[PDB]
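# A look at the structure
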There are 4 protein chains.
Amino acid sequence: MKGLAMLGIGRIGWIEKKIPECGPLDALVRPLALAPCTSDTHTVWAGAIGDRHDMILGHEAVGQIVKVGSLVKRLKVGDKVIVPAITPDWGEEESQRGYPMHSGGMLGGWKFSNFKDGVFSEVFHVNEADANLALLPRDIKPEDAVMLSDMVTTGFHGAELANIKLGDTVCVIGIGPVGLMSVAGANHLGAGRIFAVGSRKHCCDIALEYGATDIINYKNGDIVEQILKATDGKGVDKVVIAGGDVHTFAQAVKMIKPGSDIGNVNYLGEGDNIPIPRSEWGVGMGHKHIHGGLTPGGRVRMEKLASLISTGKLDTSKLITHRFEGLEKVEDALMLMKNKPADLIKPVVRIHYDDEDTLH
Amino acid sequence: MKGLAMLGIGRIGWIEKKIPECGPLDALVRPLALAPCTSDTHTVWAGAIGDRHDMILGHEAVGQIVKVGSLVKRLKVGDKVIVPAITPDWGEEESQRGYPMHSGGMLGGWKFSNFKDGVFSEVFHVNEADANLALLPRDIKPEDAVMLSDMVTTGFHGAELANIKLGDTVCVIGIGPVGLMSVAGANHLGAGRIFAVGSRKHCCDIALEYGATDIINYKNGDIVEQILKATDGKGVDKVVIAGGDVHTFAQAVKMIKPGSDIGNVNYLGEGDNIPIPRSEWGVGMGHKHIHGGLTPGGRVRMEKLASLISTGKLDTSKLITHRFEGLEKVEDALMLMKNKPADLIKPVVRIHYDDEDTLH
Amino acid sequence: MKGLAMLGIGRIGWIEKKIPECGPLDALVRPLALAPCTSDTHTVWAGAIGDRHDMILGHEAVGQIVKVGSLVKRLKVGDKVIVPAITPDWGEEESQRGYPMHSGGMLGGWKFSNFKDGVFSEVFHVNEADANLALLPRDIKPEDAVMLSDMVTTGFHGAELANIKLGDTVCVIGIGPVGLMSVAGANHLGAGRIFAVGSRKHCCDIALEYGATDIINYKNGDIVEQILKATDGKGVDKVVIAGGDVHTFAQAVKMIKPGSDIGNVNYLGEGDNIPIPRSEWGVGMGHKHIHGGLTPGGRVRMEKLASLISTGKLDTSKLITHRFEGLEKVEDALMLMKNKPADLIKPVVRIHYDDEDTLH
Amino acid sequence: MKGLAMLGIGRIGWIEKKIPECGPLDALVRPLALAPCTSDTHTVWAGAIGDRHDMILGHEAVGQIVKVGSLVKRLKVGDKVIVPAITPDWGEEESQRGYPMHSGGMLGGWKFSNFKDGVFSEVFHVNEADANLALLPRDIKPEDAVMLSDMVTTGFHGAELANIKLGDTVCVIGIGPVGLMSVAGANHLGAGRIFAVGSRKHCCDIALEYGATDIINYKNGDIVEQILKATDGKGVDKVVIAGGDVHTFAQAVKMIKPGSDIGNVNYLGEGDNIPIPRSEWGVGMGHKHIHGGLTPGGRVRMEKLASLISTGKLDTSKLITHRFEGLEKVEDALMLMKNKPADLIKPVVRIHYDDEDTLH
Ligand SMILES: C[As](C)(=O)[O-]
Ligand SMILES: C[As](C)(=O)[O-]
Ligand SMILES: C[As](C)(=O)[O-]
Ligand SMILES: C[As](C)(=O)[O-]
Ligand SMILES: [Cl-]
Ligand SMILES: [Zn+2]
Ligand SMILES: [Zn+2]
Ligand SMILES: [Zn+2]
Ligand SMILES: [Zn+2]
C-alpha cells in the first residue's frame, strides 16, 4: 500500500509499505476524510520529537472498517468511524491513574504520526479498536467529523486545562484551528469576556463566530499591555495557550490574575527551556497554575464531542477553508500547513471508494 | 419604614419597622426592582423553615445605596447595585472552608427572608456590603439584573452541582424560572442533549430557547420511562433537580448512569424523608453522587453572572412574565407565586424615585 | 475443578466446573491465600443482588499464575500475584470516563462472586490480566496481602469518597474489617480526631490501633447525640459509612456539618429506600454531599496500597483473627462471616502446592 | 513601642513605632513565642520583594490579646492565640473565588513582614481578628504551636499542591523546616515511598522520623539520576519543592512521571526566570502540572493543623534547634537564619510577662 511518510527531518515522500497485521483487538481502517496538522510540520521540519525513518504521517481521519480482529465486538467491516488522534492502551498504568493519553509513557497515547504509521495511507491500523473508534453519527458530514479527531478535542482540552468557570474572563493566545476550538471550548464552559490573540483577518472573524468578544492583534502593540489596558490593570481570570512559542508562557503569566490557571495545548517545536518570569509568578507563590497537556482520545471523547455537533451546538465546518479530493492531495494539504497562506485554517481531503456504500 | 412581612404561618401584611442600624461594614439600600420567590410561599404558607414573627419578605433585588458605614470603600450613596439573595459573613468558619452560603451555620448565608428582614421594604440592610454588593453595569436593565440575585445563580448552581461536562447528556427536572436557568447553566457548562421535564407550554418552549433539546411532559407517561426510552435504556449522564418534591430524587436515581452526579437546588418544603431507592442506587455503591446545595452569593458571584448578560451570552428577560410598578405591588406579585397561573414564570416590580438619577 | 458456589438464595455447596477458557489477554490463577467477605453473605442469604445458580463465591485472593494468554506481556506462569476484587474492562465506556469499577454497567467491574465465578476454586479466571494483576512484593506475607484485594481498597475508598482533608474531624460508622480500614484510610488522609462507631469489643480496640481517637459505643446512648455532645453541637467534618443498614445514612446526615461529604462503601442488603432526613439535609440545600461507591481495582490500585505495607506504613495483620489451611476450609471461613462470633474480624485460608516454589 | 525592622535592603535594627490603631474587627496582640524565617532573609538581604521603609519583621507568633475592637466576638483581652503568617481580608475578590491568601492582590494575604509591620514588636496588629486568630489549645506548648504559623502550614501546603494520593511515591526537594513539614504533610496525605533531598545529617534523620523512606544526598551524584535509578526509570508520582533555587524546577520536571503534580512552596529570591525544560515537559504536553503557592492562613487553617498536634499525630518539637529568652533575642535568632550553622532548623524565642497568666 501507499502512504505519505516522513523520510527524515525536513523530508517527506510517498512510499510503499505492507498492510499492517490486525490482532484480536485491532481494526484496519481505510480513510474517507483526512486533515493535515501543524504538529506534523514541527515533527518533520523542526525535528521536535526526534528523527524518524519512513513514518507515515497524519492523525486526523474519518474512516471505514476493512478488517476487525476476532475479539472486536462493537465494529464490523463497512462501518464508518471517527478516528481520534490519541488511541490509548486502556489497561496501561497511566490509563489506570487517569492519564490514558500517556499510556505506556509520556505522549504514548498519541501514536499516529508520533511513533506509529499514521492515517495518510490506503489502510491504517487502530489498536484496541472497540475502545478507540466511535461510529460516525448519520447526521454528521465526514468533513465536519474529521475536526473532532484532534482540533475540537485539543482546543477543548486547552479550555478544560485552563479550568474555565462560569463568567470567567479568558484570553486564548493563538487562533489557528486549535485556538478557535479553545475559544469555542471556553464559550461552552461558560466564559463571558473572551480575548482572542491573533492577527489574520479570517481567523479573527471566525473567533468572534465561536464566542470571542475581543480581538487582540500584536500590530497594535504588546499584547500583554493591550490586555492589561482592556482590564484596567487587573488581568484576566484564565488563559489558554494554543499557539506561539516558549516565550508565550511569560505573556500568559504577566496577563493573568493570581489564583488562576494557564492551559497549554501548543506543541512546542524549539527552545531548550520555557522561561517562567519569577516576579510575575509571585516569586514562586502566586497560585498561577501552569498546565500543558496532550488531548484525550478514544471513542467516548469522540462520542461526547460529536453529540455537540448532532444537537446543533457546535459547527466545525467553520474551520474548513480548503477542500481536496483523492488521497494524493494530502501532500498538497500538508504543505499548506507549512506555508500558512492568509486564507488558511484547516484543509480537508475526501476520499471515495467504489464500494463505500456496500462494503461488508 | 414600611415592609411586607410574614406575620405568622399563612399570614402576611405591611408593617412599620425602624430604619436598620448601619454599622461600619454595612450599607442601607432602597429597592429599584424586586421579585417574589416560590421559596417565600413555602416559608409563609407551609412553614417549611419554621414560624416567624414580623419578618420582612423577599430576597431578590436591584437597589440604590442610601447609606454606607464608615469602613465601606467600594460604594457610595446613590450607587445602583445588584443584591444577591445570599450575603455571607465571609470570615466565618464555613466561609473559610469554601462554603460561604453556610456562614454561621446551615443556610446561614441566606439571610433575607430566612431569618433576617428581606428586601420588600422601603430600606433594607446589607451586611459586609463591599463584599456582598455588585455595581449594576450600565448595560443591564434593573428588571433583567434582578434575575441574577436568585434565579440565575441558583439555576446555574444546580448545573454546577450536577458536575456537567463537555458533551454530557443532562436531564433538568422542574422548569420554573430556576429550572430554566438550570437548562441555561447546563448549556453553558457544555451539555449536548438536554431533557427538560415540565408540562406548561410557555415554560417548556422557553427551555428550548435556553438550550434544551427534548421536552418531557408527564402527560405522555412516566417521565423516567420516557427518558429511558429516549436514551435506549442507558439513562442520562447528569441530572439537575430544580423542582418537584422529595420523590423527585428517586426519579433522578432511576434515570441516571452509574458514575454520575445529581445536583439538587430545589427547596423541599414537605415530607420527613427523601427516599433514595436502594437497588437503583447500586445497593450503596453505584457512584451516583447526590448533591443538594444553597446558591452562592456575594459580589463576585453577581459580577461573573452579570458579565454573561453584558457580553450577550445570557438573556434573563425571558423569565419575566408580569411587570408591576410601585413598592406595594410586591404583595400582588407574591400572591401570584402562591396562586400559580398558566401565564406565570416570575413577576418583577419596578420602584421609582424622584431623585433616582440624582441621589448622592 | 472444585469450587464453593451459591447454588440458590440461601444455599451453598461444592460443585465441579470446567477449567475456564484462557483468551489472549487473560490469565488462569490458582489460590495461595483466600478470605471470605460479608458481601457474599448478603448475596447468598439476603439475595441482595438477585438469585444465582452455580456461581463460585469469593473475591479476595493472592494467587499463582498457571496459564497466560498469547498477548500477556507482564506476567508469566509461576508468578505470585495480588488479585483485586474488582477487575475492570479497561476500554469500556465507564472506564474511559473515570469509573472503571462500573465497566459494562453498574458494578460491572466487580465480577468475582457478583456475576462471574469467583476465587473459591482450584483455578480461577482473570480478564485483562496485565492490567488487573499486581505482582506480590517479596516483603509482604500472602495473608497480609489478601487484605489488599477488598478490605484495604474498599476501606480507603470510603475515606476517599468522604473527601477527608488535613486536620478534619471524621466519623467512621461501622468498624468491621472494612471500617477499620476506613479508620486507617482517614488517618492516612490527614484526619485528626476520628470517631469510630462500633460495638463489637475487639473491633473497637483495634480501631484505636489504626488511628481512631474516640470509640462511640451505642450502649452509652444514641450515637448521634454522643457525637454532637463530643463536638459541642457542631458535628463532624466528614463521615465514612462502612457498615450498618439503610438507616445509617440519617445518622450520618444528623452528625455532619453543612458543606461536607458522606462516603459510603457499605453494601446495603435490604430495604426499598435509604431515607435522608429532609430538615437535617438543609431542606435540600445543606451541601451535605452523599457518595456511595464500589472500590477501585486493577493492578495500579493494588501496587499503590501494597507500597504502604512494604514501607511499614500499614499493618494489615491486625485484621486477621482466624487462620485455616486447605481449600476446603473456605466453607468454614465463609460461615464465620455469616455467624459473626465476638472473636471475628477477618479469616484467611492458606493453600499450598508441591510446586508452589518451582512452577514455571 | 519597640520592634525589630527592615530599615532598608541589607539593614535591620530596633525602632519605635506607634501602637497600631485597633478598628472594630481588629485585635492588638503581644508576643509570647516568636520564630524567625528564611523568607525574611530573602526580603532583607536579597531585596526579593522590593525595598522597604521601617517595616517590622517576623510572621510566626503565639501571642496574647491586649485589645479587641468593638465588633470582635470570639476573643477577649488575655486570650492566648496562634497567629498565622497569612491573615486574609476574607471578603475581598480573591477570597470569594477561593484564594484568600491573595486577598487584595498577589500575596496580599501575607501581610506581616511582606508589606505590614510584622510580629517582632511589643504589640502588633491583626486584621479581622475573629477570622484570623485561633485560640491556643491548652495541650500545646507555645514553642510547638509557633511552628503552625508558617512551617507546618507551608510545608503541608507543598504536599497539598503536589496533589499527593494514597500510596504515591513522592520526592521532597529541600529539607529545612518547611521541607521536613512537606515530608510530614506527604506522609499525612498517604504517600508510601518518600525521597527527601538534603545533605545535612541532623535534618536527614529527622526527615526519616516524619515519614521519609529514602534520603537523597547530592554528594552521591546528580539527584535526578539518583531518583530515576530508585524508581526503575519511571520517576516519582509527585514532587514537592521546599527549597533550592529557580533551577530546582527543571530537576522536578526531569524526575517526575507524566500525568503528575509539582508543588512548590519555596520563596524564590533571585533569578529573572524559572527555566522549564521543553523536552522533559513533554514538548508542552506531558501533563506535568506546575503549582507554586503561598500558604493558606486564618483561624480555621490553624485550628485544623493544631488538632493534629493535640491528637498526638504531629510532633513539631523536632523542628526546634535553638531556644532564646526575651524579645531582644529575636535579632540574634534572625541572624542565625542568615548565617545558617550546621546546627540549625528553627530557633524559637520565648517572651514572658508579669501578668501573662492574669491579664484580663
Ligand atoms: C493536537 As496533536 C495530537 O497534533 O499534538
Ligand atoms: C435563596 As432560594 C432557596 O429561594 O433559591
Ligand atoms: C467487592 As465488595 C462490594 O465485597 O467491597
Ligand atoms: C509566609 As512564607 C512566604 O515565609 O512561608
Ligand atoms: Cl504570626
Ligand atoms: Zn495534530
Ligand atoms: Zn428564592
Ligand atoms: Zn467483599
Ligand atoms: Zn516565613
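Residues numbered from 1 in each chain as written, not as in the entry; some residues may be left out. Chains lettered and ligands numbered in written order. Heavy atoms only, no water.

## Examining the sheet that holds strand β4 (residues 55–56) of chain B
Sheet strands line up and pair through hydrogen bonds in the backbone, either parallel or antiparallel. Residue and element names in this part refer to chain B. Inclusion rule: Pairing between two strands is assigned when DSSP locates at least 2 bridges connecting them. Secondary structure counts use DSSP, requiring at least four H or I residues in a row for a helix and at least two E residues in a row for a strand, with both numbered from the N terminus. Here a residue-residue contact requires only that any non-hydrogen atoms of the pair lie within 4.5 Å. Axis definition: a line fitted to C-alpha atoms, over the contacting stretch in the case of helices. Angles run 0 to 180 degrees between N-to-C directions.
One open sheet accounts for three strands, arranged β2-β1-β4; its pairing is antiparallel. Two strands close off the open sheet at either side, each with one partner strand: β2 (11–16) and β4. Pairing analysis gives six bridges linking strand β1 (residues 2–8) to β2, with the strands arranged antiparallel. Residue pairing across strands places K2 opposite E16, the latter belonging to β2. Its contacts with the sheet put helix α11 (residues 329–339) on β1 and β2, and the angle it makes with β2 is roughly 165 degrees.

## Quick look at the interface of chain B and chain D
Accessible area lost during the coming together of the parts is what is often quoted as the interface size. Heads up, the rule is: Values labelled buried area give the accessible surface lost by two parts on being combined, using a 1.4 Å probe and summing over both. What makes a salt bridge here is a side-chain nitrogen of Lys or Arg within 4 Å of a carboxyl oxygen of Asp or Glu, nothing more.
Listed by partner, the interface residues are 13 residues for chain B and 13 residues for chain D. When chain B packs against chain D, the two sides together hide about 1,300 Å² of surface, and 59% of this comes from carbon and sulfur. Sorting the residues of chain B by area buried against chain D places B:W90, B:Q96 and B:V300 first, and these three jointly supply 42% of that buried surface. In this assembly, chain B and chain D are joined by two salt bridges.

## Comments concerning the coordination of the zinc ion (ligand 8)
All names here are of chain C. To keep it simple, the criterion reads: The donor definition counts N, O and S atoms within 2.8 Å of each metal and applies 3.2 Å to Na, K and Ca; water is not among these atoms, so some sites may look incomplete. Square planar and octahedral sites, with four and six donors, are those where opposite donors lie more than 155 degrees apart and all other angles lie between 65 and 115, tetrahedral sites have four donors with every angle between 85 and 135 degrees, and the rest are irregular. Burial classification: accessible surface area is computed with a 1.4 Å probe over protein chains only, and a residue below 20% of its type maximum counts as buried, one above 50% as exposed, and the rest as partly exposed.
Protein coordination at the zinc ion (ligand 8): the donors are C37 (SG), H59 (NE2) and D150 (OD), at 1.9 to 2.2 Å from the metal. Each of the four donor atoms around the zinc ion (ligand 8) contributes to a set of angles spanning 98 to 119 degrees, which defines the coordination as tetrahedral. Sequence positions of the residues that donate to the zinc ion (ligand 8) give the spacing C-x21-H-x90-D. Separated by 91 residues along the polypeptide, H59 in the loop between β4 (55–56) and β5 (61–68) and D150 in the loop between α4 (142–145) and α5 (151–161) bring together distant segments of the chain. This pair shows no difference in class: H59 is buried, exactly as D150 is.

## Quick word on the relation of the copies chain A and chain D
Where we set the bar: Least-squares fitting over the C-alpha atoms is the method by which the copies are superposed.
For the match of chain A to chain D, the screw axis carries a shift of 0.1 Å, the RMSD comes to 0.3 Å, and the turn is 180 degrees. Within this description, the copies of the chain are treated as partners about a two-fold rotation axis. A shared binding surface is used by both copies, with 100% of the interface residues of chain A retained as interface residues in chain D.

## A short note on the domain arrangement of chain A
Residues and elements named next belong to chain A. What counts here: These domain limits were set by an automatic method or by a database of domain assignments.
Here chain A is described as being made up of domain 1 (1–161 + 293–360) and domain 2 (162–292). Spacing between the C-alpha centres of domain 1 and domain 2 amounts to 27 Å. Between domain 1 and domain 2, roughly 2,300 Å² of surface is buried when both sides are summed, and carbon and sulfur atoms account for 66% of that area. Taken as a group, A159, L161 and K318 account for 24% of the area that domain 1 buries against domain 2, more than any other trio of residues on that side. At the boundary of domain 1 and domain 2, one finds one salt bridge. The partner of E209 in a salt bridge is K318, and the shortest N-O contact between them spans 2.8 Å.

## Section: the site of ligand 3
Under the convention used in this document: One heavy atom within 4 Å of a molecule or strand makes the whole residue count as near it. Nitrogen and oxygen atoms within 3.5 Å of one another constitute a polar contact, given that in protein one can donate a hydrogen and the other can accept it, and given that sequence-neighbouring residues count only through two side-chain atoms. Side-chain classes are defined by residue name, with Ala, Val, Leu, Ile, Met, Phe, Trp, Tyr, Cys and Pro counting as nonpolar, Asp, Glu, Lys and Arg as charged, and the others, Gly among them, as polar.
With respect to spatial proximity, the complete set of residues near ligand 3 consists of B:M285, C:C37, C:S39, C:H59, C:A85, C:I86, C:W110, C:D150 and C:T154. Near ligand 3, the surrounding residues are drawn from chains B and C. Note that an oxygen atom of ligand 3 is positioned 3.3 Å from one of the side-chain N or O atoms of C:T154. Per-class residue counts for the shell around ligand 3 are five nonpolar, three polar and one charged.

## Section: the UniProt feature "binding site: Zn(2+)" in chain A
All names here are of chain A. As a reminder, the rule being used: UniProt positions are given in the numbering used here, feature names are shortened, and annotations may be inferred rather than shown by experiment.
Mapped onto the present numbering, the UniProt feature "binding site: Zn(2+)" falls on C37, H59, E60 and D150. A maximum C-alpha distance of 8.7 Å among these annotated residues, which run over 114 residues, shows that they cluster at one spot. Not counting the four nearest positions on each side in its chain, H59 is found in contact with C37, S39, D40, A85, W110, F112, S113, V119, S149 and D150. Among the polar contacts listed, one links the side chain of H59 to the side chain of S113, at a separation of 2.7 Å. Residue position: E60 is located in the loop between β4 (55–56) and β5 (61–68).

## Points about the UniProt feature "binding site: NADP(+)" in chain A
Residue and element names in this part refer to chain A. This chain's UniProt record puts "binding site: NADP(+)" on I175, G176, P177, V178, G198, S199, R200, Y218, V265, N266, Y267 and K340. Relative to the assigned elements, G176 resides in the loop between β9 (170–173) and α6 (177–188). The class of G176 is partly exposed, set by a relative accessible area of 29%. Structurally, the position occupied by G198 is in the loop between β10 (194–197) and α7 (201–209). The exposure class of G198 is buried, given its relative accessible area of 17%. Apart from residues no more than four positions distant in its own chain, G198 is found in contact with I175, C204, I215, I216 and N217.

## Considering the relation of the copies chain B and chain D
In the superposition of chain B on chain D (RMSD 0.2 Å, axial shift 0.0 Å), the rotation amounts to 180 degrees. The residues that chain B uses at the interface reappear at the interface of chain D in 100% of cases, marking a shared surface.

## Quick word on the coordination of the zinc ion (ligand 9)
Residue and element names in this part refer to chain D. Distances from the zinc ion (ligand 9) to its protein donors, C37 (SG), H59 (NE2) and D150 (OD), fall within 2.0 to 2.2 Å. Geometry at the zinc ion (ligand 9) is tetrahedral, judged from its four donor atoms and the angles of 99 to 120 degrees they form at the metal. Mapping the donors of the zinc ion (ligand 9) onto the primary sequence gives the spacing C-x21-H-x90-D. One end of the pair, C37, is in the loop between β3 (27–34) and α1 (38–46); the other, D150, is in helix α5 (residues 148–161), and 113 residues separate them in sequence. What makes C37 buried here is its relative accessible area of 6%.

## Overview of the interface of chain A and chain D
The interface of chain A with chain D comprises 50 residues on the first partner and 51 residues on the second. Regarding the contact of chain A and chain D, the summed buried area is about 3,900 Å², with carbon and sulfur atoms giving 60% of it. The three residues of chain A that bury the most area against chain D are A:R278, A:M285 and A:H287, which together make up 19% of that side's buried surface. The tally of links between chain A and chain D comes to two salt bridges. Among the salt bridges present, the one from D:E93 reaches A:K257, with a minimum N-O distance of 3.0 Å. Connecting chain A to chain D are 35 residue pairs in polar contact.

## Digging into helix α1 (residues 38–46) of chain B
All names here are of chain B. Listed as buried for α1 are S39, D40, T41, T43 and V44. Check the buried side of α1 and you find it contacts β1, β2, β4 and α11. A positive phi of about 65 degrees marks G47, the residue just after α1.

## Overview of helix α6 (residues 177–187) of chain D
Residues and elements named next belong to chain D. Most of α6 is tucked away, with 10 of its 11 residues classed as buried. Among the residues of α6, those classed as buried are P177, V178, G179, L180, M181, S182, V183, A184, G185 and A186. Contact partners of the buried residues in α6: α5, β9 (170–173), β10 (194–197), α7 (201–209), β12 (236–241) and β17 (346–350).

## Remarks on the pairing of strand β14 (residues 273–277) of chain A
Burial analysis of β14(A) places four of its five residues in the buried class, the great majority of the element. As judged from the five bridges shared by β14(A) and strand β14 (residues 273–277) of chain D, these two strands associate in the antiparallel manner. Bridging across to β14(D), A:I276 finds its partner in D:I274.

## With respect to the site of ligand 2
Every residue lining ligand 2 is accounted for by B:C37, B:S39, B:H59, B:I86, B:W110, B:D150, B:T154 and C:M285. Lying at an intersection of chains, ligand 2 is approached by residues of chains B and C. Here an oxygen atom of ligand 2 and a side-chain polar atom of B:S39 are 2.6 Å apart. Split by residue class, the shell around ligand 2 holds four nonpolar, three polar and one charged.

## Focus on the packing of aromatic side chains
To keep things clear, this is the line we draw: We call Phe, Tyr and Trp rings a pair once their centres come within 6.5 Å, taking the six-membered ring for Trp, and we label the pair stacked below 30 degrees between planes, edge-to-face above 60, and tilted otherwise. Only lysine NZ and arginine CZ atoms are considered, and such an atom sits over a ring when it is within 6 Å of the ring centre and within 35 degrees of the ring normal.
Within this structure, the stated rule accounts for 12 aromatic pairs over all chains. Centre to centre, the rings of A:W110 and A:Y267 are 5.8 Å apart; their planes meet at 75 degrees, and the pair counts as edge-to-face. Here A:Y267 lies in the loop between β13 (256–264) and β14 and A:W110 lies in the loop between α2 (93–96) and β7 (124–126), a separation of 157 residues in the sequence. Exposure remark for A:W110: the relative accessible area of 3% places this residue in the buried category. Measuring from ring centre to ring centre gives 5.7 Å for C:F112 and C:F124, while their planes differ by 85 degrees; the resulting arrangement is edge-to-face. Remark: C:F124 occurs in strand β7 (residues 124–126) and C:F112 occurs in the loop between α2 (93–96) and β7; sequence separation between them is 12 residues. Exposure remark for C:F112: the relative accessible area of 0% places this residue in the buried category. Over the aromatic face of A:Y353 sits the side chain of A:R30, whose NZ or CZ is 4.0 Å from the ring centroid.

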